[PDB]
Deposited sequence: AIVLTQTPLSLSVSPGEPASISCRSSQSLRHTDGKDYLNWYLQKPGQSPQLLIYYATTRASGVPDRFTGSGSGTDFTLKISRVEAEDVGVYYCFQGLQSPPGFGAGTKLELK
């Protein structure tokens, strides 16, 4: 499970998981998506560190294991390690 909680709202969104999302491959299975109002969700940071292609350098991600931390839209955190993968609750900016 995931819990998405804003730390500074109007740029710090924290997605914390009960189970550490680190595999034996040395990667953190967590992705960050932004859904602009009316548009389709777009990838921002995949594997919780690596930025997505064609993404402004304004966005950066950090975290490892259990704790992960991150214009206008809704930010979702998605895990893809366990059999029932799911998105986060969502943060409105």
item	value
Non-modelled portions of the deposited polymer sequence, in sequence order	1-2, 13-18, 79-86, 110-112
